[PDB]
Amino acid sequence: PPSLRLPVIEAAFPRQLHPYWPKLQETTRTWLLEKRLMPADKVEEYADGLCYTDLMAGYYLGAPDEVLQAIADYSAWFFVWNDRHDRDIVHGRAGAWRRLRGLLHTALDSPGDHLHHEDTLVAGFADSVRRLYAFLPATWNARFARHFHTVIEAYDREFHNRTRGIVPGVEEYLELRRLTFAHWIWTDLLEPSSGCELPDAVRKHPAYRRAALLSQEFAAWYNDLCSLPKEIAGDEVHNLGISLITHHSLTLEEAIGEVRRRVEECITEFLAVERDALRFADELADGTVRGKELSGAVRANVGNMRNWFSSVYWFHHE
């Protein structure tokens, strides 16, 4: 599909695949069934039909197998939560949504108290979170939590928008989508994948931070690009293209053009800033053992920021 083809990705971002990929799919399918997160037909479709675990296998290269599996299971949980959210919206279950919203905040802080919750979606959350908390120091766990609390609240904003038929302005949508897509969660997960919690001064370096953000922007905006045409009109669904059509009087074709332009700007800016981020990685190798460790971690994470582009792109195409 010409609107969806990106010659730069095909030329410049060779696909990578974590060797654990076959076991990843089997184990995630088993986990989804064990936690009763979705019925069998839906679980088989997710793991075996669309093979969603490949998205993670093409992203977090170098992760230990246990970390990758924890990420894939969390990402599978996230898919199920999004489905629940959409269903709550379509059927107006404000009460069930508010309850879930509050339960997820509570379980994020104390997963242990929620492993056997009556709501299997909450129990599955608690199990994934508990597992993700076992890899790095509590400082990383608290950052993941702070970021995820923010994601939950953004889902609540989208709930009220969509149920009341409010289409967010373009700039309002960009900001919200950074939260509902969970940009900063996938960014956080780079660190257990490379075995190192990065100090604030390192991950807040402007080359690292901008590289990290652009990687997520591409994923989110390319997703919106792929799905815009077949989106259901028109006020009760969030998509950059729809905000443009609604608030900028664009036609569908024009909006597709604007979303694609933004996507390409993301790729070309990433190519420029990635080089700065890799230079920073080298600069961290100041001769010491610790410097070598940090340098390798940043280099690995920046490599994965790049891998996300091709993982996302080829997943949509295949």
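Don't overthink the numbering: it's just position in the shown sequence, from 1.
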{"property": "14-22 set against 302-310, stretch whose average Cα temperature factor tops the other in the entry", "result": "14-22"}
{"property": "Of 227-235 and 101-109, the stretch whose C-alpha atoms average the higher B-factor in the entry", "result": "227-235"}
{"property": "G124, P168, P192, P206, ranked by C-alpha B-factor: the highest one", "result": "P168"}
{"property": "Residue of maximum C-alpha B factor among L68, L278, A40, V263, per deposited coordinates", "result": "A40"}
{"property": "For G241, the third of its chain into which the C-alpha B factor falls", "result": "middle"}
{"property": "Lowest, middle or highest third - CA B-factor, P199", "result": "middle"}
{"property": "CA B-factor ranking of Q216, expressed as a third of its chain", "result": "lowest"}
{"property": "Entry-reported Cα temperature factor of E118, expressed as the chain third it lands in", "result": "highest"}
{"property": "Chain third (lowest, middle, highest) by recorded CA B-factor, residue given as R84", "result": "middle"}
